[PDB]
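To begin, one chain is listed below as C-alpha cells, in the form deposited in one PDB entry.
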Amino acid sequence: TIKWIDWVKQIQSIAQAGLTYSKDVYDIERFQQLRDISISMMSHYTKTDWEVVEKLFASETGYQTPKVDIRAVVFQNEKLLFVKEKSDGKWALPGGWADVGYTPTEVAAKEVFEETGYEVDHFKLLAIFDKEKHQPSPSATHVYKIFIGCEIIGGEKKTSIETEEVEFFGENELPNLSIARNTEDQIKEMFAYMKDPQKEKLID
C-alpha cells in the first residue's frame, strides 16, 4: 500500500483539531503551518492544484471524524434495488453523503425518493462498513458506510437527469457495480441479511 497517504491524512486531522480547540496564539499558528504543509504534500504528490487540495482536503471545521455515507437496502421478490448514474454508467444502492441537519433514516428516505421515485419507511439498522478496511485504491478521505434496510410503501419508479435506470437485481445477475459507491462484498452481505434477517449486524 501507499503508507505516506495515511500519515498525511493524520497530520491534517491533528492540525484541524488544533485549529478548533487550541487557545494559544502561537500553537494556533503552528497548527495552521502544519495544515498548510499537509496541503503542499498532497498537492505535489498527487499533481493537484494547491487551492483545489485545500478545498477538498483541508477546509473542514471542528474535530475531524470520518465522513458518513448512507446506502438504502430495499428488496422485492428477493431482488435488491439498484440505480444507474447516467454519467458513469455504473450501478449502486440508492444513497449518498449524509446531509447535515438530517438523521440517517431521513437521508435514506430522501435519497431513495430523489433517485428512484419510491416512498420508503420501516427502517432497520443493517451494518456499518469502513470504506478503507479493504479499499481497492488509496483515498484522501475516510468514510464510514451505514446500510439501512427499508420497505417501499408508496410512490412509483421514476428516472431523472442524474439517474438513467432504476431496477431490481437477483444475486446471480448483479449489474456493473460502482465500487466507489458499493463493493461486491457489501452486496453479498446484504443478500445474507435478506436470507437470514435475524443474523448479527456487521460492524467493521
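All residue numbers refer to positions in the sequence shown, first residue = 1. If you superpose the two forms and keep the largest set of C-alpha atoms that fall within 1.5 Å, you have the rigid core.
Could you find out if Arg71 - modelled in this structure - is missing from at least a third of the other PDB entries compared that contain residues on either side?
No: coordinates for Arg71 present in every compared entry.
Looking at the other compared entries that model both neighbours, is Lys86 missing coordinates in at least a third of them?
Across the compared entries, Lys86 is left out in at least a third.
Do the CA atoms of 152-160 or those of 54-62 have the higher mean B-factor in the entry?
Stretch with the greater average CA B-factor: 152-160.
Averaging only over Cα atoms, indicate whether 130-138 or 99-107 has the higher B-factor in the PDB entry.
Higher mean C-alpha B-factor in the PDB entry: 130-138.
Using only the C-alpha B-factors in the record, can you name which of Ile146, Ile37, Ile28, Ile179 has the highest?
That would be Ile179, according to the entry.
If you rank every modelled residue in this chain by C-alpha B factor, which third holds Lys86: lowest, middle or highest?
For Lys86, the deposited C-alpha B-factor lands in the highest third.
What third of its chain's C-alpha B-factors does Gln32 belong to: lowest, middle or highest?
Lowest third, going by the recorded CA B-factors of the chain.
Among all modelled residues of this chain, ranked by Cα B factor, put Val166 in the bottom, middle or top third, i.e. lowest, middle or highest.
Highest third of the chain for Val166's C-alpha B-factor.
Considering every modelled residue of the chain and its Cα B-factor in the PDB entry, is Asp121 in the lowest, middle or highest third?
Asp121: CA B-factor falls in the middle third of its chain.
The following text describes the form deposited in another entry, which does not appear among the structures shown.
Just one of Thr141, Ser59, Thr159, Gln33 has a C-alpha that shifts by 2 Å or more between the shown form and the other one on a rigid core fit; which is it?
The only residue crossing the 2 Å threshold is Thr159.
Shorter or longer C-alpha distance for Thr163 and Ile152 in the other entry, given it differs from this form by 3 Å or more?
Farther apart in the other entry, by 3 Å or more.
Once you compare with this form, do the C-alpha atoms of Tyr144 and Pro136 lie closer or farther in the other entry, given a change of 3 Å or more?
Compared with the shown chain, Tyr144-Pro136 is closer in the other entry.
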